[PDB]
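S.K.: Dumping the structure here so I can ask a few things about it.
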Amino acid sequence: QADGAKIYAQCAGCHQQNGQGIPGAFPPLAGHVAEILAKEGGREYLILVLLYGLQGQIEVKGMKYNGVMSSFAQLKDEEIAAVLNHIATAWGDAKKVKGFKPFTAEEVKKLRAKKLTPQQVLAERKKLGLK
Ligand code: HEM
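What follows is the structure, encoded as structure tokens:
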């Protein structure tokens, strides 16, 4: 099973069907996912956000966000890999990532041992050296 586009319905009210988010509220995923994936540790980070959530001040496309995102750990590993592959391809980000590797259920499964808080996920983000 696992249809990333269908699972994305759970994210769309915030990040939007076009992945552009809402400045001042929910960050964009379109365009931005490629930027994260280009960093070493970027794909793991995206999985951590889905498993553990995120909170804290971040900047995305030169705009500031200081909100909270819940964890989606209740989703199956296949579902998380599917929705992450969806946000990586729905708006063309994958083509923009040299050597893009699709997320897999096993990768997600492995990171379930981490047991992080949203603050630890922010600490992981800071190590990517984004903006
Ligand atoms: C749905 C399963 C869903 C996905 C997918 C998703 C992804 C996502 C990513 C990858 C980030 C990190 C962006 C970054 O620059 O680090 C992120 C961040 C936030 N999200 Fe999200 N998100 C999904 C669902 C939801 C839902 C339902 C909401 C709105 C209630 C939401 C909100 C946010 C917010 C806010 C952030 C930023 C958190 C911060 O520290 O400011 N997401 N999301």
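Per my numbering, the sequence shown starts with residue 1, numbered consecutively.
Using N, Cα and C, we set each Cβ at its ideal position, and we do this for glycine too.
#1: Determine the extent of the beta strand (DSSP E) in which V121 is found, giving its start and end residues.
#2: For a cutoff of 8 angstroms on Cβ pairs, would you count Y45 as touching chain C?
#3: At what residue ranges does the region 43-117 contain a whole run of the beta strand (DSSP E), taking only runs of 3 or more?
#4: Using 10 angstroms around the beta-carbon of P27, count the other beta-carbons present and answer buried if the total reaches 16, otherwise exposed.
#5: For residue 211, which residues in the same chain have their Cβ closer than 8 angstroms to its Cβ, ignoring the five residues on either side in sequence?
#6: Suppose the cutoff is 8 angstroms on Cβ atoms and the five residues either side in sequence are ignored; what does the same chain contact list for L51 look like?
#7: Between the Cα of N66 and the Cα atoms of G24, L37, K98 and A30, which residue gives the shortest distance?
#8: Taking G4 as the reference, give the member of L75, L54, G129 and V97 with the closest Cα.
#9: At which residues does the alpha helix (DSSP H) containing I7 begin and terminate?
#10: Short of 6 angstroms in beta carbon distance, which residues of its chain neighbour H32, apart from the five on each side in sequence? Order them along the chain.
#11: For the alpha helix (DSSP H) containing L29, name the first residue and the last one.
#12: Who are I36's beta bridge partners in DSSP?
M.R.: According to the structure shown:
#1: Translated into the one-based positions of the sequence shown, residue 121 becomes position 121. No beta strand (DSSP E) holds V121; the alpha helix (DSSP H) holding it covers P118 to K126.
#2: Absent here is chain C; the protein component of the structure consists of one chain.
#3: 54-60 and 63-69
#4: As a position in the sequence shown, residue 27 is number 27, starting the count at 1. Its Cβ being crowded by 16 or more others within 10 Å, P27 is buried.
#5: In this structure the chain extends from 1 to 131, so residue 211 is not present and cannot be described.
#6: Working through the sequence shown from its first residue, we reach residue 51 at position 51. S71, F72, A73, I80, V108, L111, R112, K114 and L116, listed in sequence order.
#7: If you number the sequence shown from 1, residue 66 lands on position 66. That would be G24, whose Cα lies nearest to the Cα of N66.
#8: Mapped onto the sequence shown, residue 4 falls at position 4. Nearest of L75, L54, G129 and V97 to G4, Cα basis: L75.
#9: For the purposes of this step, residue 7 is taken as the residue at position 7 of the sequence shown. First-last of the alpha helix (DSSP H) with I7: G4 to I7.
#10: Taking the sequence shown and counting its residues from 1, one reaches residue 32 at position 32. Excluding residues within five positions, the ones whose Cβ falls inside 6 angstroms are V60.
#11: Numbered from 1 along the sequence shown, position 29 holds the residue referred to as residue 29. Careful: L29 lies outside any alpha helix (DSSP H) and carries neither H nor E.
#12: For the purposes of this step, residue 36 is taken as residue 36 along the sequence shown, with counting starting at 1. Answer by DSSP bridge pairing: none, since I36 is not bridged.
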